[PDB]
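Beneath this line is the structure, given in structure tokens, with notes to follow.
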Number of protein chains: 2
Amino acid sequence: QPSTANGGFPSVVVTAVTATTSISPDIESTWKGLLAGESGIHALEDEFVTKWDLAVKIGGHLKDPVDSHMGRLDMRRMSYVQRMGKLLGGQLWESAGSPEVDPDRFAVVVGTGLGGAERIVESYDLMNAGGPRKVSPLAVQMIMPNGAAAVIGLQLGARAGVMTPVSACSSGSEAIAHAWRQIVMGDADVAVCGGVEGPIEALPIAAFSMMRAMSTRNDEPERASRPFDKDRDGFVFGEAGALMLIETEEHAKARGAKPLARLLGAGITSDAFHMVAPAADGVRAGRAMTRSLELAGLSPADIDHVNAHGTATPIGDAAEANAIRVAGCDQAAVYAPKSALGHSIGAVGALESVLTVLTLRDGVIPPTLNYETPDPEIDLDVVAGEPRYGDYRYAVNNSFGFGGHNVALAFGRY
Amino acid sequence: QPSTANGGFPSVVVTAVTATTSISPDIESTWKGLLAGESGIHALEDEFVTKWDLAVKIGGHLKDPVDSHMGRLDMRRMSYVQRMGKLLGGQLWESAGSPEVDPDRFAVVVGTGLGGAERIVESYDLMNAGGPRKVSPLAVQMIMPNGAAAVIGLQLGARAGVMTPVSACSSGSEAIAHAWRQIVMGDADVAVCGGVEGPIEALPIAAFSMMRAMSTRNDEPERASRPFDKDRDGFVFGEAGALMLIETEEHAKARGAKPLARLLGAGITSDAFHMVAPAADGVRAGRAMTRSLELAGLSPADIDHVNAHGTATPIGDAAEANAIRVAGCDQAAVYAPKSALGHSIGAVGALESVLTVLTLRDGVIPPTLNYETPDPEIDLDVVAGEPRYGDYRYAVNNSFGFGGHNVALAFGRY
Ligand SMILES: CCCCS(=O)(=O)Nc1ccc2[nH]c(C#N)c(C)c2c1
Ligand SMILES: CCCCS(=O)(=O)Nc1ccc2[nH]c(C#N)c(C)c2c1
Ligand code: NA
Ligand code: NA
């Protein structure tokens, strides 16, 4: 059975990362802020909060709005997630040294939770007011959920596949999983992968809050997201998009790229339990972690760090604690970055994969914010208080999306 | 290098198929109708055509509407594509003999072009009229594009992954590709895969017709879809959904399932050329065909049949003719089923994959309708007139989606 450890799969490395978050548009500045204990989560100042008297009045908008970088033309020819994708794609490529790769060995895999959905409403309104010829010839390419990945593949010249997985909260991690597959099956040597997602607005808040999925701790916004804490009361939105460049180790060495980490394996399973609730027993989610280890060639004792899905819902954190135990990883140092960055749905698995890479690169886990009275029924080694510097050799990033989609990514220190 | 032919990949077989089309709700009846020269494409009788005086007044609605099978509860708890998925999922499982499989070795991969998008508008309207608490607690799970795959995975108990690829016209074929990967990489032994898509409506017609992508031959609706014909003028919508059951040959043999065909390999490439136009040179699309042959262990001389993407746009059919030549497959007998069934976007690649299976099973290709004055600039062996009975050993199904997504699936006779 092939594994990364035994050479059955080629070695794959992470050579560049980019992200925009509620803390910073610069991933290295986001990382510094996380280590400093900063939160991106604040009182929402948008008019729509008071217009609807929303129960949720907190969240993290991007520190640097995407459209502050978008001129008239981009504002008219692309949906929001496409604009975010174009922005991050160009940033990532610059960070990688603008390499000249073989387009025929270059893939793009970018997940997203929904797609260009605001352009559906706009086209709907345009046609209602002016008839069918008032719909733009660009409407289809803006609306289609593959649109962000297509924009990035066209921008950077990727001709070895342009793929868009949709799996709610696990979309951005699943994209990295499929990019890894595209390389280890031999279809590509280099891939841009990750996830993008739209911004906080009234209808997204209404839809998730009517599930009772969201925190309503509006008086202390930075204290609201409390993964694994006894007093947690749901997730907080925190906007993001994130991409990484992965490539075979031989490809990286041949162009002088310095790896940040190794991407060793990916496990994809499903709960088949409930359309939005995770399975309480954590068994299939744990199996995704185990599968990523099988493909990497690691045992659970090797896993020093888990970057938790950790949304801070009551049932989600409990299920994940069971999952981590099921996978034999409950001695790992656990970080729940949604404590600081919130939940960005189709982007968040990619963002947390980038954070996992940085933890391995720098030998440090930032503190899980708001972990103050640990839930008596969960017993994980949650990093908290201040960053924990440690000898982290291998890590798993978890993302368990609504719908029952479990993705685990196994990374190693380079 | 592993191939199906040399044993590096396990043998994978197709053991059950289901589809709903503009000709019939019964795939075997659809097949009989195609062989009889029937078209599913008629004058649209919907009020929305006259309300907007749409330039396109033709298309194929499902012969048997999905919602004629949906009671009050399903109409309130699922989006349209989810209702179609539940319908086809249960039909497929019954056709397969309702097997008892290991949930932990059972995956679902279902592509779609857009998702539960009508529920976005509905939630939008509900909140505008009644505030945030009038949005349903079910809105998120109905809207999310992974929703149809999630419904099917929950219905049938698939715990080895539930995935949703989005790649416009190639979504349903890409789903079958990823299911094949999930099996040959060892993550699953059996998978339900295919694609679902929404119905014809005024806004979809307006959006694609403003690209000049659609036929306007309204006076002779069954004559409008003319792939590879000199007089073609764009595609016609024809509603569909389709699923197939695939599994390792050893799994099929162990439960007494009789294979309909072998699924031998899958190639995924991309054009990185234009957001909606295919590359004229057909090179990357041809490479998807070549890649499917490499993974199968076939040479182009083995390919007896190509089930063309064949949408009947001027530029699409020309590009595909170049693609087929680039791949060395231009001596294959070509069928363009959109001539009879129209284009169903995220479902159509799955539907045409089912048709490819039936061609191999039965040794017959139905006639490409409306192929009467072949385009002088395209020289393919298009089957036409009446069905061609022939010794078809291997076939490739092509799907080249808007965005530049190329998927080719290589199938073999069992
Ligand atoms: C972190 C927040 C997640 C919100 S989301 O999950 O609802 N996704 C999502 C996707 C595309 C979107 N386009 C637009 C516009 N205009 C919005 C508001 C928008 C929202
Ligand atoms: C063969 C036709 C393809 C049309 S589509 O590509 O526009 N897709 C698509 C997807 C979901 C949809 N939900 C609803 C509703 N109500 C519609 C009209 C609808 C349409
Ligand atoms: Na994580
Ligand atoms: Na086809």
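A note on labels: chains of the structure tokens are A, B, ... as shown, every chain counts residues from 1, and ligands are counted from 1 in their shown order.
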Point to revise | Nearby polymer residues, ligand 4, at most 6 Å, only C-alpha atoms and all ligand atoms, as a PyMOL selection string | key: chain B and resi 307-309+352+397-399
Check your understanding: Leaving out segment 270-279 of chain A and any residue of its chain fewer than 4 positions from it, which residues lie within 7 Å of it when counting only C-alpha atoms, given as a PyMOL selection string?
Key -> (chain A and resi 284+316+319+402-406) or (chain B and resi 141+150+153-154+157-162)
Practice item. Write out as a ChimeraX atom specification all residues of segment 156-370 of chain A that backbone DSSP assigns to alpha helix (DSSP H). Key: /A:156,171-184,202-209,249-254,283-296,314-326,338-341,348-362
Review point. Using the chain letters and numbers from this document, which residues of segment 7-246 of chain A does DSSP assign to strand (DSSP E or B), as a PyMOL selection string?
Key: chain A and resi 12-21+42-43+58-60+106-112+162-163+165+190-196+214+229+235+237-238+240-246
Review point. So which residues touch residue 369 of chain B within 10 Å, counting only C-alpha atoms, skipping near sequence neighbours fewer than 6 positions away, as a PyMOL selection string?
Key: chain B and resi 34+37-39+222-227+229+335-341+383-386
The selected residues should be written to file as a PDB file, in the first residue's frame (atoms: N, CA and C atoms).
```pdb
ATOM      1  N   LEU B  34     -34.315   6.741 -27.927  1.00  0.00           N
ATOM      2  CA  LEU B  34     -33.190   7.269 -28.700  1.00  0.00           C
ATOM      3  C   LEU B  34     -32.931   6.411 -29.926  1.00  0.00           C
ATOM      4  N   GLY B  37     -35.154   7.118 -32.744  1.00  0.00           N
ATOM      5  CA  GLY B  37     -35.076   8.425 -33.352  1.00  0.00           C
ATOM      6  C   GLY B  37     -35.910   9.482 -32.677  1.00  0.00           C
ATOM      7  N   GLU B  38     -36.381   9.236 -31.449  1.00  0.00           N
ATOM      8  CA  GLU B  38     -37.213  10.215 -30.752  1.00  0.00           C
ATOM      9  C   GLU B  38     -36.395  11.382 -30.245  1.00  0.00           C
ATOM     10  N   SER B  39     -37.049  12.534 -30.194  1.00  0.00           N
ATOM     11  CA  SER B  39     -36.498  13.718 -29.561  1.00  0.00           C
ATOM     12  C   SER B  39     -37.294  14.067 -28.311  1.00  0.00           C
ATOM     13  N   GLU B 222     -37.794  19.926 -32.710  1.00  0.00           N
ATOM     14  CA  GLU B 222     -37.024  18.689 -32.723  1.00  0.00           C
ATOM     15  C   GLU B 222     -35.843  18.746 -33.684  1.00  0.00           C
ATOM     16  N   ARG B 223     -35.822  19.715 -34.592  1.00  0.00           N
ATOM     17  CA  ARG B 223     -34.739  19.905 -35.552  1.00  0.00           C
ATOM     18  C   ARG B 223     -33.704  20.926 -35.082  1.00  0.00           C
ATOM     19  N   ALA B 224     -33.874  21.507 -33.895  1.00  0.00           N
ATOM     20  CA  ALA B 224     -33.044  22.653 -33.524  1.00  0.00           C
ATOM     21  C   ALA B 224     -31.632  22.254 -33.098  1.00  0.00           C
ATOM     22  N   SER B 225     -31.485  21.156 -32.349  1.00  0.00           N
ATOM     23  CA  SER B 225     -30.188  20.745 -31.805  1.00  0.00           C
ATOM     24  C   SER B 225     -29.441  19.957 -32.877  1.00  0.00           C
ATOM     25  N   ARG B 226     -28.412  20.549 -33.492  1.00  0.00           N
ATOM     26  CA  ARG B 226     -27.783  19.954 -34.683  1.00  0.00           C
ATOM     27  C   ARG B 226     -26.271  19.817 -34.528  1.00  0.00           C
ATOM     28  N   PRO B 227     -25.808  19.040 -33.553  1.00  0.00           N
ATOM     29  CA  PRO B 227     -24.358  18.927 -33.338  1.00  0.00           C
ATOM     30  C   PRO B 227     -23.642  18.426 -34.583  1.00  0.00           C
ATOM     31  N   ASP B 229     -23.595  19.583 -37.439  1.00  0.00           N
ATOM     32  CA  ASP B 229     -24.271  19.942 -38.672  1.00  0.00           C
ATOM     33  C   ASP B 229     -23.866  21.347 -39.111  1.00  0.00           C
ATOM     34  N   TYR B 335     -21.252   9.738 -31.454  1.00  0.00           N
ATOM     35  CA  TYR B 335     -22.641  10.032 -31.127  1.00  0.00           C
ATOM     36  C   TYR B 335     -22.702  11.358 -30.374  1.00  0.00           C
ATOM     37  N   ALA B 336     -23.640  12.223 -30.754  1.00  0.00           N
ATOM     38  CA  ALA B 336     -23.857  13.461 -30.005  1.00  0.00           C
ATOM     39  C   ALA B 336     -25.270  13.416 -29.425  1.00  0.00           C
ATOM     40  N   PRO B 337     -25.455  12.859 -28.224  1.00  0.00           N
ATOM     41  CA  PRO B 337     -26.816  12.695 -27.684  1.00  0.00           C
ATOM     42  C   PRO B 337     -27.548  13.988 -27.399  1.00  0.00           C
ATOM     43  N   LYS B 338     -26.848  15.127 -27.244  1.00  0.00           N
ATOM     44  CA  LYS B 338     -27.582  16.378 -27.078  1.00  0.00           C
ATOM     45  C   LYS B 338     -28.465  16.688 -28.284  1.00  0.00           C
ATOM     46  N   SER B 339     -28.242  16.005 -29.420  1.00  0.00           N
ATOM     47  CA  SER B 339     -29.102  16.167 -30.582  1.00  0.00           C
ATOM     48  C   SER B 339     -30.539  15.790 -30.274  1.00  0.00           C
ATOM     49  N   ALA B 340     -30.729  14.875 -29.324  1.00  0.00           N
ATOM     50  CA  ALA B 340     -32.030  14.326 -28.956  1.00  0.00           C
ATOM     51  C   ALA B 340     -32.470  14.702 -27.559  1.00  0.00           C
ATOM     52  N   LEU B 341     -31.522  14.786 -26.611  1.00  0.00           N
ATOM     53  CA  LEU B 341     -31.816  14.999 -25.205  1.00  0.00           C
ATOM     54  C   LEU B 341     -31.512  16.404 -24.731  1.00  0.00           C
ATOM     55  N   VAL B 383     -22.490   8.942 -36.239  1.00  0.00           N
ATOM     56  CA  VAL B 383     -23.562   7.978 -36.464  1.00  0.00           C
ATOM     57  C   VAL B 383     -24.864   8.734 -36.687  1.00  0.00           C
ATOM     58  N   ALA B 384     -25.606   8.364 -37.723  1.00  0.00           N
ATOM     59  CA  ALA B 384     -26.798   9.125 -38.064  1.00  0.00           C
ATOM     60  C   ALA B 384     -27.697   8.258 -38.928  1.00  0.00           C
ATOM     61  N   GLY B 385     -28.960   8.665 -39.035  1.00  0.00           N
ATOM     62  CA  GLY B 385     -29.893   7.986 -39.916  1.00  0.00           C
ATOM     63  C   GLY B 385     -30.695   6.974 -39.124  1.00  0.00           C
ATOM     64  N   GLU B 386     -30.030   5.911 -38.697  1.00  0.00           N
ATOM     65  CA  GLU B 386     -30.621   4.912 -37.816  1.00  0.00           C
ATOM     66  C   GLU B 386     -29.502   4.387 -36.932  1.00  0.00           C
TER      67      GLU B 386
END
```
Show which residues sit within 10 Å of residue 30 of chain B, as a tab-separated table (two decimals) with C-alpha atoms, in the first residue's frame. Count only C-alpha atoms, and ignore same-chain residues fewer than 2 positions away.
```
chain	number	residue	atom	x	y	z
B	19	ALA	CA	-31.91	8.60	-15.23
B	20	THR	CA	-34.86	10.94	-15.76
B	21	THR	CA	-34.93	12.71	-19.13
B	22	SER	CA	-37.10	14.70	-21.53
B	23	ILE	CA	-37.97	11.39	-23.25
B	24	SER	CA	-38.80	9.15	-20.26
B	25	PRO	CA	-38.39	8.68	-16.50
B	26	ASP	CA	-37.14	5.13	-17.26
B	27	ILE	CA	-33.55	4.95	-18.58
B	28	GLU	CA	-34.31	1.79	-20.55
B	32	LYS	CA	-35.36	2.61	-26.67
B	33	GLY	CA	-36.63	6.04	-27.67
B	34	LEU	CA	-33.19	7.27	-28.70
B	35	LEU	CA	-32.76	4.20	-30.88
B	36	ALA	CA	-36.18	4.93	-32.40
B	38	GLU	CA	-37.21	10.22	-30.75
B	39	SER	CA	-36.50	13.72	-29.56
B	40	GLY	CA	-37.26	15.14	-26.15
B	341	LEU	CA	-31.82	15.00	-25.21
B	355	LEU	CA	-25.62	6.25	-22.47
```
Exercise for review: Write out as a PyMOL selection string each polymer residue whose atoms come within 10 Å of residue 122 of chain B, counting only C-alpha atoms; drop sequence neighbours fewer than 5 positions from it.
Suggested key: chain B and resi 117+127-128+135-136+139
Exercise for review: Kindly compile the residues surrounding ligand 2 within 7 Å, counting only C-alpha atoms and all ligand atoms, and format them as a PyMOL selection string.
Suggested key: chain B and resi 80-81+113-118+197-201+204+237-240+343-345
Just to be explicit: take each residue in the selection above, keep N, CA, C and O atoms, and write the result as a CSV table (one decimal), in the first residue's frame.
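Wrote it out as result.csv, contents follow:
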```csv
chain,number,residue,atom,x,y,z
B,80,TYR,N,-34.9,21.9,-5.2
B,80,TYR,CA,-35.3,21.0,-6.3
B,80,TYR,C,-34.2,20.0,-6.6
B,80,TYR,O,-34.5,18.8,-6.8
B,81,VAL,N,-32.9,20.4,-6.6
B,81,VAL,CA,-31.9,19.4,-7.0
B,81,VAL,C,-31.9,18.3,-5.9
B,81,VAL,O,-31.5,17.1,-6.2
B,113,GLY,N,-24.7,21.9,-11.4
B,113,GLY,CA,-24.2,23.2,-12.0
B,113,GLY,C,-24.2,24.4,-11.1
B,113,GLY,O,-23.4,25.3,-11.1
B,114,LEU,N,-25.2,24.4,-10.1
B,114,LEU,CA,-25.5,25.6,-9.4
B,114,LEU,C,-25.8,25.3,-7.9
B,114,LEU,O,-25.2,25.7,-7.0
B,115,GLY,N,-26.9,24.4,-7.7
B,115,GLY,CA,-27.2,24.1,-6.3
B,115,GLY,C,-28.7,24.4,-6.0
B,115,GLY,O,-29.5,24.4,-6.9
B,116,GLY,N,-29.0,24.6,-4.7
B,116,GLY,CA,-30.3,24.9,-4.3
B,116,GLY,C,-30.7,26.4,-4.4
B,116,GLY,O,-31.3,26.9,-3.5
B,117,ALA,N,-30.4,27.0,-5.6
B,117,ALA,CA,-30.4,28.4,-5.7
B,117,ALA,C,-31.8,29.0,-5.6
B,117,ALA,O,-31.9,30.2,-5.2
B,118,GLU,N,-32.9,28.3,-5.9
B,118,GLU,CA,-34.2,28.9,-5.8
B,118,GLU,C,-34.5,29.2,-4.3
B,118,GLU,O,-35.3,30.1,-4.0
B,197,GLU,N,-29.6,18.4,-11.9
B,197,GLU,CA,-29.6,19.8,-12.4
B,197,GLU,C,-31.1,20.3,-12.3
B,197,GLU,O,-32.0,19.5,-12.3
B,198,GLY,N,-31.2,21.7,-12.2
B,198,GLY,CA,-32.5,22.2,-12.1
B,198,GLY,C,-33.2,22.3,-13.4
B,198,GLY,O,-32.7,21.9,-14.5
B,199,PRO,N,-34.5,22.8,-13.4
B,199,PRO,CA,-35.3,22.8,-14.6
B,199,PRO,C,-35.2,24.0,-15.5
B,199,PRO,O,-34.5,25.0,-15.0
B,200,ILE,N,-35.7,23.9,-16.6
B,200,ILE,CA,-35.7,25.1,-17.6
B,200,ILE,C,-36.6,26.2,-17.0
B,200,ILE,O,-37.8,25.9,-16.6
B,201,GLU,N,-36.1,27.4,-17.0
B,201,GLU,CA,-36.9,28.6,-16.5
B,201,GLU,C,-36.5,29.8,-17.3
B,201,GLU,O,-35.5,29.7,-18.1
B,204,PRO,N,-32.6,31.2,-16.5
B,204,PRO,CA,-31.6,30.4,-17.2
B,204,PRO,C,-31.5,30.6,-18.7
B,204,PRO,O,-30.5,30.8,-19.3
B,237,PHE,N,-31.8,23.4,-24.2
B,237,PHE,CA,-31.9,22.8,-22.9
B,237,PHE,C,-32.7,21.5,-23.0
B,237,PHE,O,-33.8,21.5,-23.6
B,238,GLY,N,-32.3,20.5,-22.3
B,238,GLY,CA,-33.1,19.3,-22.1
B,238,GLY,C,-32.8,18.8,-20.7
B,238,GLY,O,-31.7,18.5,-20.4
B,239,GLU,N,-33.8,18.9,-19.9
B,239,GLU,CA,-33.7,18.5,-18.5
B,239,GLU,C,-33.3,17.1,-18.3
B,239,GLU,O,-33.7,16.2,-19.0
B,240,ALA,N,-32.5,16.8,-17.2
B,240,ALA,CA,-32.1,15.5,-16.9
B,240,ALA,C,-31.5,15.4,-15.5
B,240,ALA,O,-31.1,16.4,-14.9
B,343,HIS,N,-29.2,19.8,-23.5
B,343,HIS,CA,-28.1,20.0,-22.6
B,343,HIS,C,-28.7,20.2,-21.2
B,343,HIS,O,-29.6,21.0,-21.0
B,344,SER,N,-28.3,19.4,-20.2
B,344,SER,CA,-28.7,19.5,-18.8
B,344,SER,C,-27.6,19.9,-17.9
B,344,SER,O,-27.6,19.6,-16.7
B,345,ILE,N,-26.6,20.6,-18.4
B,345,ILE,CA,-25.6,21.3,-17.6
B,345,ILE,C,-25.0,20.3,-16.6
B,345,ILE,O,-24.3,19.4,-17.0
```
**Study point:** Distance criterion (only C-alpha atoms): nearest to residue 241 of chain B out of B:101, B:264, B:288, B:17
**Key:**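 So, comparing all the options, the nearest one is B:17.
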